[PDB]
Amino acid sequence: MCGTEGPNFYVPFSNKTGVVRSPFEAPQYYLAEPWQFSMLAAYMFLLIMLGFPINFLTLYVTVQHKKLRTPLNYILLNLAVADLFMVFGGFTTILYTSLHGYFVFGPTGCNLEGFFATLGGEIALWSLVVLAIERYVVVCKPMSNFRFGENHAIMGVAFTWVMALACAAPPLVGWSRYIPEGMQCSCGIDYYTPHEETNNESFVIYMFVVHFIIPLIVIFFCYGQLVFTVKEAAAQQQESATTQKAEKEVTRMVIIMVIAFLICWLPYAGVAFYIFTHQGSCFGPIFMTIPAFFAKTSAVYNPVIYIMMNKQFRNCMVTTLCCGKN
């Protein structure tokens, strides 16, 4: 007896005092103080203020700099577009609802805001996967006479959209569902309530396997090889101070990308799993917010790592930001 159920929701607070209300109808100020709703709003404001420029700039700069429009870059643009689905679909909606203390757009809105927020986060997720595959293919050259070209870059992108629909679409049609999470001001996949009529049980397994484990293995293998290949080359060419530099830079970047990926998705996977294997336990609203703070913040830090720390994009940005010059 841990929260309060209704048709399309689960409030993380006991209704023994009779106070719990539908998070689609009235403020949840018994889950958390109003000032904490305001801080939730402050955080979405920060994520918009940083995330929209960074990710918008990335697209804009691509329009202005011919040199950025290569095929290896398409998946990076795809990332920024996904970050923007999270900014406009998620963060802005949540700012709004946080400041009412509840999910004012009701169940339909809850599906929308959940679908678009989840799609974005997943396209970003798979974009980070597809990137590592493409790099591995290009650098470890696991196939002779293969040249990475536009037509491939396009499949790479489309594959991110297919996989992301494979996660976000089903809860619109019976396999899992969208409901308000945490402070009930935003909506995501129901991965914590066992809800037999939608088979949450098995969805969360499908998610855990297909959308965390596969990604994690593909990223680790691809970049493990990359680091192997480059360390090999440099050992076999110690007369090139450049090549030694390259090896170091590549390796630091891999550690960053790998740690970054974990910071973003490990908490959601950690929590899903702890809950799945501690089904008789009580998880409050702020604890269900932690996984989300990590994932959503990636709409800022991923493009810092993948775009701003890429020498080409960076110079183009600085040029475009200095009116034409530098």
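In case it trips you up, residue 1 is the first one in the sequence shown, and so on.
Taking only CA atoms, the mean B-factor in the PDB entry is higher for 261-269 than for the other of 261-269 and 36-44. Across the two stretches, 61-69 and 278-286, the PDB entry reports the greater mean Cα temperature factor for 278-286. Of the candidates 98, 127, 145, 92, the one whose C-alpha carries the top B factor in the deposited record is 145.
Across the residues 79, 183, 214, 234, the deposited record lists the maximum Cα B factor for 234. Residue-level temperature factors show residue 119 in the middle third of its chain, judged at the C-alpha atom. Residue 161: CA B factor in the highest third of modelled residues in this chain (values from the PDB entry). Among the modelled residues of the chain, residue 312 sits in the highest third by CA temperature factor in this PDB entry. Ranked by C-alpha B-factor against the other modelled residues of its chain, residue 209 falls in the highest third.
Among the modelled residues of its chain, residue 173 has a C-alpha B-factor that falls in the middle third, as given in the PDB entry.
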